[PDB]
Amino acid sequence: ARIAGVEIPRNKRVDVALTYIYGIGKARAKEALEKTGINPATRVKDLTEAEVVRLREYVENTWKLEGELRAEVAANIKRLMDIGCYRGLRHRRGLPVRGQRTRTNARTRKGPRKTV
Amino acid sequence: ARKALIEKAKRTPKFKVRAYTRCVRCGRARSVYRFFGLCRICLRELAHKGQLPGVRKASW
Amino acid sequence: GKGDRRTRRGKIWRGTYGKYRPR
Amino acid sequence: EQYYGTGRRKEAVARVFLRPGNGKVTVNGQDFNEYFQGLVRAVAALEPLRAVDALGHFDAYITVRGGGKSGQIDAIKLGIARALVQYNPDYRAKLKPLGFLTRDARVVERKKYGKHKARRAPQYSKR
Amino acid sequence: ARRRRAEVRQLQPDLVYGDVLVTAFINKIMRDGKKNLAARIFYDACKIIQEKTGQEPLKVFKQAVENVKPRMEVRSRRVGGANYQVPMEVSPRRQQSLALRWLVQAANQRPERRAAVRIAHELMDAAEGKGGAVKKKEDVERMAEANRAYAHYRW
Amino acid sequence: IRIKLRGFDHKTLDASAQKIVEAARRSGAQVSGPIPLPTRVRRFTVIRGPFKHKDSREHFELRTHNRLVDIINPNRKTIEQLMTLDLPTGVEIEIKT
Amino acid sequence: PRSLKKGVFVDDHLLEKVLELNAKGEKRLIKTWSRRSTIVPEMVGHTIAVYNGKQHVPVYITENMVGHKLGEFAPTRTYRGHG
RNA sequence: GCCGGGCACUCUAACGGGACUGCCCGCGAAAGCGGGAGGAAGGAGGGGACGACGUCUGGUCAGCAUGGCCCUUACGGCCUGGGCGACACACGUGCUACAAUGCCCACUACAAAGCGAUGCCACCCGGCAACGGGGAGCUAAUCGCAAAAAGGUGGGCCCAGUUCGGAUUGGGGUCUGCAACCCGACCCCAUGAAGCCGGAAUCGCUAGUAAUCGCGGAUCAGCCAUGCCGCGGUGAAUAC
Ligand SMILES: [Mg+2]
Ligand SMILES: [Mg+2]
Ligand SMILES: [Mg+2]
Ligand SMILES: [Mg+2]
Ligand SMILES: [Mg+2]
Ligand SMILES: [Mg+2]
Ligand SMILES: [Mg+2]
Ligand SMILES: [Mg+2]
Ligand SMILES: [Mg+2]
Ligand SMILES: [Mg+2]
Ligand SMILES: [Mg+2]
Ligand SMILES: [Mg+2]
Ligand SMILES: [Mg+2]
Ligand SMILES: [Mg+2]
Ligand SMILES: [Mg+2]
Ligand SMILES: [Mg+2]
Ligand SMILES: [Mg+2]
Ligand SMILES: [Mg+2]
Ligand SMILES: [Mg+2]
Ligand SMILES: [Mg+2]
Ligand SMILES: [Mg+2]
Ligand SMILES: [Mg+2]
Ligand SMILES: [Mg+2]
Ligand SMILES: [Mg+2]
Ligand SMILES: [Mg+2]
Ligand SMILES: [Mg+2]
Ligand SMILES: [Mg+2]
Ligand SMILES: [Mg+2]
Ligand SMILES: [Mg+2]
Ligand SMILES: [Mg+2]
Ligand SMILES: [Mg+2]
Ligand SMILES: [Mg+2]
Ligand SMILES: [Mg+2]
Ligand SMILES: [Mg+2]
Ligand SMILES: [Zn+2]
């Protein structure tokens, strides 16, 4: 896989493709293409192996991405769950965490309706 | 909780956040207009009587 | 869009400002 | 030297000035086609001059206030028509059959309490 | 409705062809009261049936209109314990409405990606007696012909 | 040189808005007329009954009409006689220069 | 959250009890109604009884659970599920 | 419109006029009905205010009033905390969507009604930003809220669970407030769920209406407002 650890979509503009990475959004895309002087409009198939490794090297070195990103956030909930925080019990009982009503909706955390 | 509440309402509190308006005519805690000092019920009652200066029904 | 805060149309909906809707 | 009619439509008010000249038309300090660009509904505002063959014969200074671009357009369409009737009283024939002198009181209806809008009622469920 | 028949709204003739029928067509195209876009959408297609077909746009439009206008339709009527589909002539008023409606409806069924083009090609197909716009009219007519049995049931 | 006239009822505003303007028009000399400024309106909308019944309200309004008059060429014969004027209860005045 | 420019909030009266005990060496029990408080570095190792509206809940504080509020460790609701 | 100068025009806001089947043809015993004219307006001009005797032993002893019945170291009262915000589920009203008649960025137009002296806050500066420090005007047709938005011009996206959609969560900040754990809003980085147009069934609207677009106000420290009361922009289809 190309960058970073994943193979971003060839045939799209280089800035959109990057967002197909866990950890890089629209902001971080234009932000990587600034500090490398790479045209935000060009199709990924049309990068130099030079442009590749430059764009490659910045992104991988500045930000935590794919695997490790998931890993910390995991550990972040891991600890929150394990200290017995209120936000912990909500993760451990699988319910929502941010002061939403649960009497209705709440589905995205709860899952499909378990009818009775 | 009633008369002790209209009375608790006027006295200056333990923190200024706790200021709440009580309709000066009947003591209603809800729907109290700043301009008159009244609740939407008394609002209508005094008005209909014609004891509210300059106040009249809107028709457009 | 109208529910998407990170856009122009989105912040007009809320009636607030930011990088995604400047004043 | 000049001919003025008052044009109204909705919240839009039209101060229109007819003056013999090439056929130049101006709204709020811009050329007509600049101020109404891409508005297909525009070219019809300059209709009453076709009612009496005035396409080239007059110039126009025009201010406009209130409403929107198409409410402002209909006011103009009235005002230049309004202004012609003074420049030549005999122009009444071939202006009334076009309804160019008449102005419609058609305006946005009051939002009514107990409704979503002026008429859209809230949706209702019995059983 | 109940008291007196409705007064048929006379439209403003379109500014590009002076036509009271194109205007109507526009409105059936117009979503959300955004006529400006719907006007262009039509007008662009005129340019598009100009490119691919060198003759008057308005001419393609009016024949296609005529080829989608249905002369008969069946219309419901429950006599007894069944709802009998009675055939009736379509008034010129209604033919136009259904034709203009199906034109746009069939137009929006097309796969080409821009609204201007969809209108163009369906008008290209409709004036030449092809397309879904007709596939609706033929359907409506066979349905009517099929029930000449119940033809005596006219109101 | 400025007179400002403000009340809740306009038919008593225009009475007093003319009366002050007649006075200065008497004792010299310039009256720039009773110019009626736009009214500032505070509507009150309220559910009719004391309990529930949301889809039925009543509309009340309060009209604070405005007036302005300009006595331009002073003539302090006006400076004394205005200090004695018969301006009815429901109306306020503000005097500037 | 609590505006960074201002303070890190602890109810005056409770902070003192921790600090008094710090001198003497901790720890007795601390019945409190201070949910609005922040757990604060001086509090580690103490055992604080937080009022959840009902009970005084015994919470041993650790080096890991510092930046939070107290009441996050005294649950306000009892829930065992349905059915 | 910055100064002279003017109130003509737009306007502001009070007092009038005007519309009455009054005129014409006609059908009619009449009242009226079809048509014609003049006229901005035509046959109740559009909308509003306004709801008969009664019905529902309708609703509200929790806005208030009130008979009576009941309590008196308490069924009264003061406080700190919590609950009213729970969640195997079911229903009502809604918001935002599933996209190209669309999404996004830049530049560029045209409303109205309101609101505002520990109030709205021009403008300048620090900040990606919410905001923060300066600071002018306005008891407000003067100053501010203020950009209206859909629209127009240009450019990008190219039919993809996507540059559609913005829920869920992680991390970091601003503000209001004594205090945002339960339980506020907002800003930013990252995460980017369901959803490809909805089963039986079912709602609204007859024209400046429906649909779509933004703006304000009441309550109000802040706000869970996508609610409500209004306001304009654009603007249909159809009634045999
Ligand atoms: Mg990404
Ligand atoms: Mg909750
Ligand atoms: Mg009482
Ligand atoms: Mg409060
Ligand atoms: Mg109150
Ligand atoms: Mg988006
Ligand atoms: Mg939409
Ligand atoms: Mg044009
Ligand atoms: Mg409207
Ligand atoms: Mg409702
Ligand atoms: Mg109901
Ligand atoms: Mg069809
Ligand atoms: Mg005059
Ligand atoms: Mg009649
Ligand atoms: Mg009963
Ligand atoms: Mg009672
Ligand atoms: Mg009683
Ligand atoms: Mg509740
Ligand atoms: Mg359901
Ligand atoms: Mg809702
Ligand atoms: Mg729903
Ligand atoms: Mg996905
Ligand atoms: Mg909170
Ligand atoms: Mg996306
Ligand atoms: Mg799916
Ligand atoms: Mg698709
Ligand atoms: Mg849809
Ligand atoms: Mg549907
Ligand atoms: Mg069915
Ligand atoms: Mg109706
Ligand atoms: Mg306000
Ligand atoms: Mg607010
Ligand atoms: Mg919430
Ligand atoms: Mg709003
Ligand atoms: Zn009251």
# chains A, B, ... in the order shown; residues from 1 in each chain; ligands from 1

call {"tool": "residues_near_ligand", "arguments": {"ligand": "ligand 34", "cutoff": "9 Å", "atoms": "only C-alpha atoms (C1' of nucleotides) and all ligand atoms", "output": "list in words"}}
result
residues 13, 14 and 15 of chain C; 215, 216 and 225 of chain H

call {"tool": "write_last_selection", "arguments": {"atoms": "N, CA, C and O atoms (P, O5', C5', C4', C3', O3' and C1' of nucleotides)", "output": "PDB file, in the first residue's frame"}}
result
ATOM      1  N   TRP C  13     -27.307  27.726   9.129  1.00  0.00           N
ATOM      2  CA  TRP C  13     -28.381  26.987   9.789  1.00  0.00           C
ATOM      3  C   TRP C  13     -28.334  27.261  11.299  1.00  0.00           C
ATOM      4  O   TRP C  13     -29.342  27.607  11.910  1.00  0.00           O
ATOM      5  N   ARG C  14     -27.159  27.093  11.900  1.00  0.00           N
ATOM      6  CA  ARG C  14     -27.011  27.315  13.338  1.00  0.00           C
ATOM      7  C   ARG C  14     -27.094  28.797  13.679  1.00  0.00           C
ATOM      8  O   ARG C  14     -27.602  29.177  14.734  1.00  0.00           O
ATOM      9  N   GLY C  15     -26.592  29.633  12.776  1.00  0.00           N
ATOM     10  CA  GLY C  15     -26.540  31.062  13.015  1.00  0.00           C
ATOM     11  C   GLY C  15     -25.270  31.447  13.745  1.00  0.00           C
ATOM     12  O   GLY C  15     -25.258  32.416  14.506  1.00  0.00           O
TER      13      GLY C  15
ATOM     14  P     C H 215     -30.668  33.619   8.490  1.00  0.00           P
ATOM     15  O5'   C H 215     -31.631  34.842   8.824  1.00  0.00           O
ATOM     16  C5'   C H 215     -31.321  36.148   8.365  1.00  0.00           C
ATOM     17  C4'   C H 215     -32.394  37.143   8.727  1.00  0.00           C
ATOM     18  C3'   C H 215     -32.883  37.110  10.162  1.00  0.00           C
ATOM     19  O3'   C H 215     -32.004  37.736  11.076  1.00  0.00           O
ATOM     20  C1'   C H 215     -34.740  37.165   8.734  1.00  0.00           C
ATOM     21  P     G H 216     -31.834  37.127  12.552  1.00  0.00           P
ATOM     22  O5'   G H 216     -33.005  37.825  13.372  1.00  0.00           O
ATOM     23  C5'   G H 216     -33.169  39.231  13.330  1.00  0.00           C
ATOM     24  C4'   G H 216     -34.567  39.625  13.712  1.00  0.00           C
ATOM     25  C3'   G H 216     -34.996  39.294  15.131  1.00  0.00           C
ATOM     26  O3'   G H 216     -34.522  40.214  16.093  1.00  0.00           O
ATOM     27  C1'   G H 216     -36.697  38.657  13.630  1.00  0.00           C
ATOM     28  P     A H 225     -34.845  22.582  22.166  1.00  0.00           P
ATOM     29  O5'   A H 225     -34.502  23.627  21.005  1.00  0.00           O
ATOM     30  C5'   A H 225     -34.342  23.217  19.647  1.00  0.00           C
ATOM     31  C4'   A H 225     -34.525  24.374  18.686  1.00  0.00           C
ATOM     32  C3'   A H 225     -33.420  25.424  18.672  1.00  0.00           C
ATOM     33  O3'   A H 225     -33.397  26.070  17.397  1.00  0.00           O
ATOM     34  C1'   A H 225     -35.413  26.401  19.469  1.00  0.00           C
TER      35        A H 225
END

call {"tool": "closest_atom_pairs", "arguments": {"of": "chain H", "to": "ligand 2", "cutoff": "12 Å", "atoms": "only C-alpha atoms (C1' of nucleotides) and all ligand atoms", "output": "CSV"}}
result
residue,atom,partner,partner_atom_place_in_ligand_line,distance
H:84,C1',ligand 2,1 (Mg),11.9
H:85,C1',ligand 2,1 (Mg),4.6
H:86,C1',ligand 2,1 (Mg),7.6
H:87,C1',ligand 2,1 (Mg),10.1
H:182,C1',ligand 2,1 (Mg),8.8
H:183,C1',ligand 2,1 (Mg),7.5
H:224,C1',ligand 2,1 (Mg),10.6

call {"tool": "residues_near_ligand", "arguments": {"ligand": "ligand 10", "cutoff": "8 Å", "atoms": "only C-alpha atoms (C1' of nucleotides) and all ligand atoms", "output": "list in words"}}
result
residues 114, 115, 116 and 122 of chain D; 54 and 55 of chain F; 93, 227 and 228 of chain H

call {"tool": "write_last_selection", "arguments": {"atoms": "N, CA and C atoms (P, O5', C5', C4', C3', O3' and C1' of nucleotides)", "output": "PDB file, in the first residue's frame"}}
result
ATOM      1  N   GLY D 114     -51.722  28.721  15.014  1.00  0.00           N
ATOM      2  CA  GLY D 114     -52.326  27.404  14.932  1.00  0.00           C
ATOM      3  C   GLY D 114     -52.001  26.702  13.624  1.00  0.00           C
ATOM      4  N   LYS D 115     -51.228  27.375  12.773  1.00  0.00           N
ATOM      5  CA  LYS D 115     -50.798  26.827  11.488  1.00  0.00           C
ATOM      6  C   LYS D 115     -49.273  26.882  11.350  1.00  0.00           C
ATOM      7  N   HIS D 116     -48.732  26.152  10.377  1.00  0.00           N
ATOM      8  CA  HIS D 116     -47.290  26.145  10.130  1.00  0.00           C
ATOM      9  C   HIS D 116     -46.908  27.371   9.330  1.00  0.00           C
ATOM     10  N   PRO D 122     -50.887  21.931  10.809  1.00  0.00           N
ATOM     11  CA  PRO D 122     -50.080  20.857  11.394  1.00  0.00           C
ATOM     12  C   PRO D 122     -50.703  19.478  11.157  1.00  0.00           C
TER      13      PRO D 122
ATOM     14  N   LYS F  54     -53.108  25.119  23.096  1.00  0.00           N
ATOM     15  CA  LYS F  54     -52.047  25.868  22.416  1.00  0.00           C
ATOM     16  C   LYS F  54     -52.434  26.515  21.080  1.00  0.00           C
ATOM     17  N   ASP F  55     -53.285  25.859  20.298  1.00  0.00           N
ATOM     18  CA  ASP F  55     -53.599  26.364  18.960  1.00  0.00           C
ATOM     19  C   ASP F  55     -54.533  27.576  18.943  1.00  0.00           C
TER      20      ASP F  55
ATOM     21  P     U H  93     -48.036  12.426  13.550  1.00  0.00           P
ATOM     22  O5'   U H  93     -47.386  13.786  14.052  1.00  0.00           O
ATOM     23  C5'   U H  93     -48.206  14.878  14.438  1.00  0.00           C
ATOM     24  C4'   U H  93     -47.388  15.984  15.052  1.00  0.00           C
ATOM     25  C3'   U H  93     -46.334  16.593  14.148  1.00  0.00           C
ATOM     26  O3'   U H  93     -46.865  17.557  13.260  1.00  0.00           O
ATOM     27  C1'   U H  93     -45.375  16.093  16.245  1.00  0.00           C
ATOM     28  P     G H 227     -39.080  23.401  13.937  1.00  0.00           P
ATOM     29  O5'   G H 227     -39.486  23.480  15.477  1.00  0.00           O
ATOM     30  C5'   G H 227     -40.141  22.403  16.129  1.00  0.00           C
ATOM     31  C4'   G H 227     -40.984  22.882  17.288  1.00  0.00           C
ATOM     32  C3'   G H 227     -41.917  24.060  17.015  1.00  0.00           C
ATOM     33  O3'   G H 227     -43.166  23.649  16.477  1.00  0.00           O
ATOM     34  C1'   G H 227     -40.679  24.468  18.991  1.00  0.00           C
ATOM     35  P     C H 228     -43.980  24.557  15.421  1.00  0.00           P
ATOM     36  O5'   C H 228     -44.395  25.865  16.239  1.00  0.00           O
ATOM     37  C5'   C H 228     -45.252  25.776  17.369  1.00  0.00           C
ATOM     38  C4'   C H 228     -45.300  27.060  18.168  1.00  0.00           C
ATOM     39  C3'   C H 228     -45.698  28.331  17.430  1.00  0.00           C
ATOM     40  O3'   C H 228     -47.102  28.457  17.288  1.00  0.00           O
ATOM     41  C1'   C H 228     -43.817  28.759  18.815  1.00  0.00           C
TER      42        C H 228
END

call {"tool": "residues_around", "arguments": {"residues": "segment 3-8 of chain C", "least_positions_apart": "5", "cutoff": "6 Å", "atoms": "only C-alpha atoms (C1' of nucleotides)", "output": "ChimeraX atom specification"}}
result
/C:20-21 /H:96,166

call {"tool": "residues_around", "arguments": {"residues": "segment 34-36 of chain G", "least_positions_apart": "6", "cutoff": "8 Å", "atoms": "only C-alpha atoms (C1' of nucleotides)", "output": "PyMOL selection string"}}
result
(chain G and resi 9-11+14+50-51+69-72) or (chain H and resi 179+181)

call {"tool": "residues_around", "arguments": {"residues": "residue 89 of chain A", "least_positions_apart": "3", "cutoff": "12 Å", "atoms": "only C-alpha atoms (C1' of nucleotides)", "output": "ChimeraX atom specification"}}
result
/A:77-86,92-97 /G:72-75,77-79

call {"tool": "write_last_selection", "arguments": {"atoms": "N, CA and C atoms", "output": "PDB file, in the first residue's frame"}}
result
ATOM      1  N   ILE A  77     -10.492   4.940  25.808  1.00  0.00           N
ATOM      2  CA  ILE A  77     -11.771   4.445  26.295  1.00  0.00           C
ATOM      3  C   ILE A  77     -11.492   3.338  27.292  1.00  0.00           C
ATOM      4  N   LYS A  78     -10.472   2.543  26.981  1.00  0.00           N
ATOM      5  CA  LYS A  78     -10.012   1.469  27.847  1.00  0.00           C
ATOM      6  C   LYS A  78      -9.870   2.007  29.266  1.00  0.00           C
ATOM      7  N   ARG A  79      -9.102   3.084  29.426  1.00  0.00           N
ATOM      8  CA  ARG A  79      -8.910   3.688  30.746  1.00  0.00           C
ATOM      9  C   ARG A  79     -10.206   4.278  31.297  1.00  0.00           C
ATOM     10  N   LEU A  80     -10.890   5.096  30.497  1.00  0.00           N
ATOM     11  CA  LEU A  80     -12.163   5.684  30.920  1.00  0.00           C
ATOM     12  C   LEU A  80     -13.140   4.629  31.415  1.00  0.00           C
ATOM     13  N   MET A  81     -13.210   3.512  30.693  1.00  0.00           N
ATOM     14  CA  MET A  81     -14.039   2.386  31.099  1.00  0.00           C
ATOM     15  C   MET A  81     -13.548   1.808  32.418  1.00  0.00           C
ATOM     16  N   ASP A  82     -12.235   1.825  32.608  1.00  0.00           N
ATOM     17  CA  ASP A  82     -11.634   1.082  33.704  1.00  0.00           C
ATOM     18  C   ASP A  82     -11.460   1.873  34.985  1.00  0.00           C
ATOM     19  N   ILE A  83     -11.514   3.197  34.902  1.00  0.00           N
ATOM     20  CA  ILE A  83     -11.429   4.002  36.118  1.00  0.00           C
ATOM     21  C   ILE A  83     -12.773   4.051  36.813  1.00  0.00           C
ATOM     22  N   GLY A  84     -13.823   3.682  36.085  1.00  0.00           N
ATOM     23  CA  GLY A  84     -15.170   3.726  36.620  1.00  0.00           C
ATOM     24  C   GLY A  84     -15.809   5.095  36.483  1.00  0.00           C
ATOM     25  N   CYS A  85     -15.334   5.874  35.513  1.00  0.00           N
ATOM     26  CA  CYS A  85     -15.929   7.176  35.225  1.00  0.00           C
ATOM     27  C   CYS A  85     -17.362   6.970  34.770  1.00  0.00           C
ATOM     28  N   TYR A  86     -18.163   8.029  34.809  1.00  0.00           N
ATOM     29  CA  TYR A  86     -19.540   7.929  34.348  1.00  0.00           C
ATOM     30  C   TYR A  86     -19.546   7.582  32.873  1.00  0.00           C
ATOM     31  N   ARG A  92     -19.370   0.821  28.974  1.00  0.00           N
ATOM     32  CA  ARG A  92     -19.375  -0.560  29.431  1.00  0.00           C
ATOM     33  C   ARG A  92     -20.769  -1.183  29.353  1.00  0.00           C
ATOM     34  N   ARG A  93     -21.794  -0.347  29.509  1.00  0.00           N
ATOM     35  CA  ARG A  93     -23.175  -0.748  29.243  1.00  0.00           C
ATOM     36  C   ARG A  93     -23.566  -0.448  27.791  1.00  0.00           C
ATOM     37  N   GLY A  94     -22.613   0.071  27.019  1.00  0.00           N
ATOM     38  CA  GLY A  94     -22.804   0.340  25.602  1.00  0.00           C
ATOM     39  C   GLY A  94     -23.745   1.471  25.202  1.00  0.00           C
ATOM     40  N   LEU A  95     -24.253   2.216  26.183  1.00  0.00           N
ATOM     41  CA  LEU A  95     -25.195   3.319  25.943  1.00  0.00           C
ATOM     42  C   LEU A  95     -24.518   4.622  25.449  1.00  0.00           C
ATOM     43  N   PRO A  96     -25.317   5.654  25.095  1.00  0.00           N
ATOM     44  CA  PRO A  96     -24.681   6.907  24.671  1.00  0.00           C
ATOM     45  C   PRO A  96     -23.955   7.607  25.810  1.00  0.00           C
ATOM     46  N   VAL A  97     -23.118   8.577  25.459  1.00  0.00           N
ATOM     47  CA  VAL A  97     -22.152   9.116  26.402  1.00  0.00           C
ATOM     48  C   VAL A  97     -22.313  10.617  26.604  1.00  0.00           C
TER      49      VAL A  97
ATOM     50  N   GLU G  72     -18.611  12.172  38.749  1.00  0.00           N
ATOM     51  CA  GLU G  72     -18.476  11.124  37.737  1.00  0.00           C
ATOM     52  C   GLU G  72     -18.234   9.761  38.383  1.00  0.00           C
ATOM     53  N   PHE G  73     -17.971   9.767  39.684  1.00  0.00           N
ATOM     54  CA  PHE G  73     -17.640   8.556  40.415  1.00  0.00           C
ATOM     55  C   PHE G  73     -18.672   8.224  41.482  1.00  0.00           C
ATOM     56  N   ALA G  74     -19.721   9.036  41.517  1.00  0.00           N
ATOM     57  CA  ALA G  74     -20.897   8.756  42.323  1.00  0.00           C
ATOM     58  C   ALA G  74     -22.132   8.773  41.430  1.00  0.00           C
ATOM     59  N   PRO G  75     -22.551   7.590  40.959  1.00  0.00           N
ATOM     60  CA  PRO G  75     -23.675   7.423  40.031  1.00  0.00           C
ATOM     61  C   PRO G  75     -25.005   7.867  40.632  1.00  0.00           C
ATOM     62  N   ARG G  77     -28.076   7.306  39.325  1.00  0.00           N
ATOM     63  CA  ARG G  77     -29.185   6.434  38.969  1.00  0.00           C
ATOM     64  C   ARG G  77     -28.874   4.959  39.166  1.00  0.00           C
ATOM     65  N   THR G  78     -29.862   4.225  39.664  1.00  0.00           N
ATOM     66  CA  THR G  78     -29.769   2.771  39.717  1.00  0.00           C
ATOM     67  C   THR G  78     -30.467   2.082  38.535  1.00  0.00           C
ATOM     68  N   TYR G  79     -29.698   1.323  37.758  1.00  0.00           N
ATOM     69  CA  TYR G  79     -30.231   0.668  36.564  1.00  0.00           C
ATOM     70  C   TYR G  79     -29.690  -0.745  36.390  1.00  0.00           C
TER      71      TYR G  79
END

call {"tool": "residues_near_ligand", "arguments": {"ligand": "ligand 3", "cutoff": "12 Å", "atoms": "only C-alpha atoms (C1' of nucleotides) and all ligand atoms", "output": "PyMOL selection string"}}
result
(chain B and resi 1-7+25-28) or (chain H and resi 61-66)

call {"tool": "interface_residues", "arguments": {"of": "chain D", "to": "chain E", "cutoff": "9 Å", "atoms": "only C-alpha atoms", "output": "PDB file with N, CA, C and O atoms, in the first residue's frame"}}
result
ATOM      1  N   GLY D  38     -29.006  37.100 -16.252  1.00  0.00           N
ATOM      2  CA  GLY D  38     -29.408  35.723 -16.024  1.00  0.00           C
ATOM      3  C   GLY D  38     -30.841  35.592 -15.554  1.00  0.00           C
ATOM      4  O   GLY D  38     -31.348  34.484 -15.347  1.00  0.00           O
ATOM      5  N   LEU D  39     -31.499  36.731 -15.385  1.00  0.00           N
ATOM      6  CA  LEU D  39     -32.900  36.734 -15.013  1.00  0.00           C
ATOM      7  C   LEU D  39     -33.726  36.742 -16.282  1.00  0.00           C
ATOM      8  O   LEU D  39     -33.921  37.777 -16.913  1.00  0.00           O
ATOM      9  N   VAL D  40     -34.198  35.561 -16.651  1.00  0.00           N
ATOM     10  CA  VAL D  40     -34.946  35.379 -17.880  1.00  0.00           C
ATOM     11  C   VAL D  40     -36.240  36.176 -17.809  1.00  0.00           C
ATOM     12  O   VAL D  40     -36.786  36.594 -18.828  1.00  0.00           O
ATOM     13  N   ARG D  41     -36.687  36.429 -16.584  1.00  0.00           N
ATOM     14  CA  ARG D  41     -37.934  37.141 -16.315  1.00  0.00           C
ATOM     15  C   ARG D  41     -37.831  38.662 -16.552  1.00  0.00           C
ATOM     16  O   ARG D  41     -38.847  39.359 -16.643  1.00  0.00           O
ATOM     17  N   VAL D  43     -36.494  40.610 -19.332  1.00  0.00           N
ATOM     18  CA  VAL D  43     -36.834  41.177 -20.640  1.00  0.00           C
ATOM     19  C   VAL D  43     -38.316  41.535 -20.811  1.00  0.00           C
ATOM     20  O   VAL D  43     -38.680  42.368 -21.649  1.00  0.00           O
ATOM     21  N   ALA D  44     -39.157  40.910 -19.995  1.00  0.00           N
ATOM     22  CA  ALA D  44     -40.587  41.170 -20.006  1.00  0.00           C
ATOM     23  C   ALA D  44     -40.982  42.411 -19.218  1.00  0.00           C
ATOM     24  O   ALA D  44     -42.094  42.905 -19.377  1.00  0.00           O
TER      25      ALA D  44
END

call {"tool": "residues_around", "arguments": {"residues": "segment 50-66 of chain D", "least_positions_apart": "6", "cutoff": "8 Å", "atoms": "only C-alpha atoms (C1' of nucleotides)", "output": "list in words"}}
result
residues 10, 11, 12, 13, 14, 15, 16, 17, 18, 19, 20, 21, 22, 23, 24, 25, 26, 27, 28, 72, 91, 94 and 95 of chain D; 110 and 111 of chain H

call {"tool": "residues_near_ligand", "arguments": {"ligand": "ligand 13", "cutoff": "12 Å", "atoms": "only C-alpha atoms (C1' of nucleotides) and all ligand atoms", "output": "list in words"}}
result
residues 7, 8 and 9 of chain H

call {"tool": "write_last_selection", "arguments": {"atoms": "N, CA, C and O atoms (P, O5', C5', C4', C3', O3' and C1' of nucleotides)", "output": "PDB file, in the first residue's frame"}}
result
ATOM      1  P     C H   7     -39.679  73.075  -1.232  1.00  0.00           P
ATOM      2  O5'   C H   7     -39.959  71.512  -1.356  1.00  0.00           O
ATOM      3  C5'   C H   7     -40.292  70.932  -2.613  1.00  0.00           C
ATOM      4  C4'   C H   7     -40.991  69.608  -2.452  1.00  0.00           C
ATOM      5  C3'   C H   7     -42.106  69.589  -1.416  1.00  0.00           C
ATOM      6  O3'   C H   7     -43.210  68.855  -1.938  1.00  0.00           O
ATOM      7  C1'   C H   7     -40.425  67.985  -0.847  1.00  0.00           C
ATOM      8  P     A H   8     -44.213  69.586  -2.962  1.00  0.00           P
ATOM      9  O5'   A H   8     -43.729  69.104  -4.404  1.00  0.00           O
ATOM     10  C5'   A H   8     -44.089  67.820  -4.882  1.00  0.00           C
ATOM     11  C4'   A H   8     -43.361  67.419  -6.143  1.00  0.00           C
ATOM     12  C3'   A H   8     -43.147  65.926  -6.273  1.00  0.00           C
ATOM     13  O3'   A H   8     -44.305  65.213  -6.660  1.00  0.00           O
ATOM     14  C1'   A H   8     -41.159  67.062  -6.863  1.00  0.00           C
ATOM     15  P     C H   9     -44.915  64.129  -5.643  1.00  0.00           P
ATOM     16  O5'   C H   9     -43.977  62.859  -5.882  1.00  0.00           O
ATOM     17  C5'   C H   9     -43.732  62.387  -7.198  1.00  0.00           C
ATOM     18  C4'   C H   9     -42.578  61.416  -7.263  1.00  0.00           C
ATOM     19  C3'   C H   9     -42.486  60.346  -6.175  1.00  0.00           C
ATOM     20  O3'   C H   9     -43.322  59.226  -6.401  1.00  0.00           O
ATOM     21  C1'   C H   9     -40.392  61.405  -6.380  1.00  0.00           C
TER      22        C H   9
END

call {"tool": "residues_near_ligand", "arguments": {"ligand": "ligand 32", "cutoff": "10 Å", "atoms": "only C-alpha atoms (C1' of nucleotides) and all ligand atoms", "output": "PyMOL selection string"}}
result
chain H and resi 219-220+222-223+225

call {"tool": "closest_residue", "arguments": {"among": "B:9, B:31, B:51, B:37", "to": "chain F", "atoms": "only C-alpha atoms"}}
result
B:31

call {"tool": "residues_near_ligand", "arguments": {"ligand": "ligand 21", "cutoff": "12 Å", "atoms": "only C-alpha atoms (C1' of nucleotides) and all ligand atoms", "output": "list in words"}}
result
residues 105 of chain A; 123, 124 and 125 of chain D; 91, 92, 93, 94, 95, 96, 202 and 203 of chain H
